[PDB]
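Heads up, the sequence shown is in the authors' numbering, so the first residue is 2 and it goes up one at a time.
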Amino acid sequence: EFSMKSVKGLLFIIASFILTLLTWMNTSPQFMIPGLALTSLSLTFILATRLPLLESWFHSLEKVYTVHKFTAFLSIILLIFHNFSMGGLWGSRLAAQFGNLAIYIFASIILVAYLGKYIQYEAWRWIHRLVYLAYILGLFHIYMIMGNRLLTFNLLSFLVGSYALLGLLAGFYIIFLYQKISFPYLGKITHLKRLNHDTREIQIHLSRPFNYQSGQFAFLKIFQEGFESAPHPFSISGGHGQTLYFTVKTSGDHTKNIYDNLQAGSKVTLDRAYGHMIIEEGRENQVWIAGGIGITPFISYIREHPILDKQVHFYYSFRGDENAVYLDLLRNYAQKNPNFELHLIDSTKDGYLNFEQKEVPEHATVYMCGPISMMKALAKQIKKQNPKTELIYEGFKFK
Ligand SMILES: Cc1cc2nc3c(=O)[nH]c(=O)nc-3n(C[C@H](O)[C@H](O)[C@H](O)COP(=O)(O)OP(=O)(O)OC[C@H]3O[C@@H](n4cnc5c(N)ncnc54)[C@H](O)[C@@H]3O)c2cc1C
Ligand SMILES: NC(=O)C1=CN([C@@H]2O[C@H](COP(=O)(O)OP(=O)(O)OC[C@H]3O[C@@H](n4cnc5c(N)ncnc54)[C@H](O)[C@@H]3O)[C@@H](O)[C@H]2O)C=CC1
Ligand code: HEM
Ligand code: HEM
């Protein structure tokens with residue numbers, strides 16, 4: 002659920018609407034519903050830019066995309082009501098037909114985005130990118146309809162023009178510029194290690210130092226023959242300065258490509274570090290819960306803090322010893338640091354991790370990274386045990 006950490010973002014959205022609502026009501030009340038929709042459209046584009054300000058305001062990329070979806074849905078309902086109030090299925094003049102086309106494209110794209118989950122990610126993104134054409138058609142329709150009412154010196158013209166320009170610039174940046182100018186970290190793969198039957202470790206040497214906190218993730222683009230160049234999100238699993246580590250598990254065609262065919266010497270590019278699950282910013286008493294590949298952020302901490310300063314209880318749940326990674330590393334960390342307690346849960350033979358009887362230390366932050374059902378069950382159990390415990394979790398998907 003949303004908390005105060007996103008309030009700066011939320012007040013940005015609400016003030017975006019109220020200021021819109023009071024503007025149209027002052028000038029053209031008959032257009033409050035469509036005008037608000039226009040705002041709700043531009044915000045949507047702004048929520049797709051992945052800018053650091055958005056992450057700061059909404060505290061997380063997952064919350065950013067939740068608000069993105071909510072604004073998209075609000076826009077589509079407002080536009081459907083506007084269409085029902087002002088016309089039919091097809092207009093008689095070009096200005097109205099532009100709006101007809103824009104609303105049709107918006108509805109089709111929203112339906113495909115919500116109901117298309119097994120579509121390939123790149124094909125999904127290509128279909129999703131038609132929102133820019135729908136938005137341009139909508140702006141054309143608005144400006145032919147209004148004429149010399151958005152082209153004067155008043156609050157309405159400045160509001161509509163500023164929001165439209167912000168949406169246009171955000172869409173152009175995310176669709177055309179972001180993958181070509183916002184990936185300044187140029188690196189080369191130096192070493193590859195297959196940790197088990199379906200996980201591989203990638204070591205990257207960069208031309209510039211990379212700054213990140215343990216528990217954060219980045220977007221990686223690989224440039225090798227037979228590989229897709231699209232950016233994939235991966236947790237930074239280690240490295241300091243010009244060296245980076247990524248631990249990639251086979252989860253599809255691209256990750257299987259990484260496992261079998263990736264080679265040392267291949268060029269890679271990275272944009273920056275994202276994430277709110279910063280372990281070093283938590284309380285002294287800590288509980289770490291990982292499931293499968295969700296161990297990747299915690300490993301970063303272990304790799305970057307040879308001496309532990311916190312009271313850490315780590316629960317690592319895996320399906321059999323063949324699905325476990327970094328077991329020797331965790332055992333060495335436990336042996337070297339007496340303040341690091343390690344609990345390995347072979348869920349194949351032990352069963353699911355249950356926290357109803359397990360005791361959490363007082364005044365503690367819990368970090369969870371695993372399958373979403375596991376996180377939900379453990380969060381319910383821990384909240385039932387102690388409502389004052391801090392709970393932080395990281396999801397491995399945006400939609
Ligand atoms: C914040 C974050 C951190 C992650 N950290 C790790 C990590 O440390 N190790 C690891 O192995 N995996 C990690 N992942 C997951 C990893 O990014 C996906 O498994 C990978 O992108 C899927 O590639 P694929 O083509 O093999 O999968 P596919 O078979 O194409 O799809 C599997 C699923 O992965 C997601 N996905 C696919 N392509 C993309 C894409 N380009 N961008 C975003 N999501 C996509 C979708 O939800 C899709 O349903 C992380 C994901 C996120 C969001
Ligand atoms: N942060 C996230 O959202 C993460 C998501 N994933 C994703 O989940 C998928 C599964 O891959 P893996 O993690 O390798 O395997 P996995 O999900 O099968 O293994 C994770 C561990 O959690 C346990 N588990 C699963 N559901 C549970 C529940 N309801 N209650 C208790 N324990 C439960 C499993 O028994 C296993 O030991 C992948 O696509 C991966 O990307 C995995 C880890 C982190
Ligand atoms: C209806 C108005 C919408 C607009 C204007 C819009 C716009 C965009 C744009 C321009 C992008 C970036 C495209 C790119 O990277 O090339 C994006 C990304 C994204 N959108 Fe939308 N979108 C809309 C609706 C939705 C809906 C309905 C959903 C989900 C149900 C959604 C979920 C996402 C997600 C998860 C991403 C991240 C893509 C990634 O991880 O690479 N959007 N959006
Ligand atoms: C934001 C301010 C907007 C204003 C002031 C506005 C104004 C108007 C007006 C006056 C009409 C009736 C004109 C006519 O039917 O001949 C109309 C119709 C329509 N508008 Fe808008 N509009 C706005 C936004 C939008 C947007 C963004 C879209 C689509 C994305 C849209 C889609 C439509 C549709 C589908 C019709 C029906 C046309 C018809 O059936 O003839 N409107 N609008």
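Virtual Cβ for every residue (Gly too), placed ideally from N, Cα, C.
With residue i and residue j assumed to form a contact (beta carbons below 8 angstroms), what rounded beta-carbon distance in angstroms separates them?
i	j	result
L37	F18	6 angstroms
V326	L196	5 angstroms
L39	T72	12 angstroms between Cβ atoms; not a contact.
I190	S267	5 angstroms
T349	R320	5 angstroms
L263	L193	6 angstroms
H233	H206	19 angstroms between Cβ atoms; not a contact.
Which of helix, strand or coil does DSSP assign to residue i?
i	result
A274	strand
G321	coil
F211	strand
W91	coil
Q312	strand
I120	coil
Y174	helix
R150	coil
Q225	coil
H192	strand
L20	helix
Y179	helix
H142	helix
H306	coil
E202	strand
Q217	coil
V288	strand
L330	helix
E391	strand
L187	strand
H233	strand
Cutting at 6 angstroms between CB atoms, please list the residues of its own chain near residue i, excluding the five before and the five after it.
i	result
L55	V65
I303	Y334
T28	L157
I300	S238 and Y327
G100	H142
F399	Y66
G396	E63
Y260	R201 and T251
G242	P210
How would you label residue i, buried or exposed, when you count the other beta carbons within 10 angstroms and need 16 or more for buried?
i	result
residue 1	No answer is possible for residue 1: the residues shown for the chain start at 2 and end at 400.
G240	buried
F315	buried
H277	buried
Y353	exposed
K385	exposed
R332	exposed
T153	exposed
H364	exposed
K311	buried
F356	buried
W58	buried
Leaving out the 5 sequence neighbours to the left and right, which residues in its chain are closer than 7 angstroms to residue i when beta-carbon positions are compared?
i	result
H129	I110 and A114
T390	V361, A365, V367 and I383
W125	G117
Got a sec? Which residues, its chain only, sit under 8 angstroms from residue i by beta carbon, not counting five neighbours each side?
i	result
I279	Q214, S215, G216 and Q217
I106	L131, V132, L134, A135 and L138
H69	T45, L48 and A49
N258	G227, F228 and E229
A171	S43, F46, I47, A49 and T50
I176	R130 and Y133
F224	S230, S267, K268, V269 and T270
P372	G292, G293 and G295
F82	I34
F32	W25
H60	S4, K6, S7, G10 and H277
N155	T28
May I ask you to check if the CB of residue i is nearer than 7 angstroms to at least one heavy atom of ligand 6?
i	result
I143	Ligands in the displayed structure: ligand 1, ligand 2, ligand 3 and ligand 4; ligand 6 is not one of them.
Legend entry - Whole alpha helix (DSSP H) elements within the segment 235-270, 4-residue minimum: 254-262
Inset, instruction - Kindly provide the ranges of any beta strand (DSSP E) runs that are 3 or more residues long and lie completely inside the segment 335-366, ordered along the chain. - result: 341-347
Inset, instruction - Could you pull out every unbroken alpha helix (DSSP H) segment of at least 4 residues lying fully inside the segment 27-69, listed in chain order? - result: The segment 27-69 contains these whole alpha helix (DSSP H) runs: 33-47 and 53-59.
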